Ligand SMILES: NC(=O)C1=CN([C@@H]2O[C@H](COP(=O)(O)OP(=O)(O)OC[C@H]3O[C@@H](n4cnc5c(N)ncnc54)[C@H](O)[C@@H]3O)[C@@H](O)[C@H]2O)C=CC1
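So this first bit is one chain, no partners, the form solved without this ligand, shown in structure tokens.
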């Protein structure tokens, strides 16, 4: 109903006026190889989806590279981003979001902004980490509501304090009830960094509860397993043993790839129903989103599997916060685009606007698995607080 496929090229349809221009854009990537890049991707960006929301249209554009291709050569990645930016500006995008690990790979956009120093015709870029942080805070709120708990009585543990983590933590303290304990986990080198936040926690952000610091290589410290609400924003994967966390624990994670075994989490939740876990960066629009989908005609035949036609069954209300950032920056002057390591306290302005438009976090789900409402209720009955 809300998803419709298109056999004809979206770019060609736009050039002849058959589809209207978009207001924003989002750049994503894929998951022999050279044959796929030059003869399938053709070293060219691909406009694959259009997301019609109640506040504008964002175009989804996939780069002709993989994540490894992005980490291999930064200049090449910046070049393909510049080409996709030219495409987005031509098709009407006023802002372009860097989804996934594109910010982490390209100096959080700064390198890109160097290559655009010459050009002003190109559209503005944004890492979207402030809207992603607002989405993660909305997910904290939602997972507390679904679990029948309140954030004031929770022990919160952070496993990743990157851009997204440094956007979620102060916004959590500012727009949600303060927990009673906060633990900060990152690699050893970040020690001083964590202590800086520690100061900011007690004196700047105004946290009164206990503050703990913990360091790790690839095995999260047990202090996290002693926490009751876990917030993951780590780029490393599978550092959290989901089968070792205490019962009644709530998990919110924006990491992609995730920091815990997805399948083991699904399995524990299906067997015992003693945990809650969900994505962090997913927003739920109050109105359904009309998604126009154009598959690559080549891969249309290898993905002709009716199961691969599951985008026809995706949630019409869900949208990525990082991708929605471009549309937000286009529709609201006050939501300035984020490139590089920004302050992260202006995420409130995004959290404000998202609440103003009656946005909320997407229903509790992790990748392909949506947590069943009755299992959610069973958890909320077994581990809720009165």
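Residue numbers count along the first chain shown, from 1.
There is another form of this protein, the form deposited with this ligand bound, and it is not shown here; the text below is about that form.
- With a 4.5 Å cutoff on heavy atoms, residue 269 does not count as touching this ligand in the deposited bound form; it lies far away.
- Although the partner is absent here, residue 218 is a contact residue: one of its heavy atoms lies within 4.5 angstroms of this ligand in the deposited bound form.
- Looking at residue 85, you'd find every heavy atom of it more than 4.5 angstroms from this ligand in the deposited bound form.
- Residue 164 belongs to the set of residues with a heavy atom inside 4.5 Å of this ligand in the deposited bound form.
- No member of the trio 50, 278 and 370 reaches this ligand in the deposited bound form with any non-hydrogen atom inside 4.5 Å.
- For this ligand in the deposited bound form, the listed stretch (168-176, 285-293, 109-117, 181-189) containing residues with heavy atoms inside 4.5 Å is 181-189.
- A heavy atom within 4.5 Å of this ligand in the deposited bound form is found for one listed residue only; from 250, 93, 81, 233, this is 233.
- Contact with this ligand in the deposited bound form, defined as a heavy atom within 4.5 Å, holds for exactly one of 101, 243, 202, 303, namely 101.
- Taking a 4.5 Å heavy atom cutoff to this ligand in the deposited bound form, none of the residues in 345-368 make contact.
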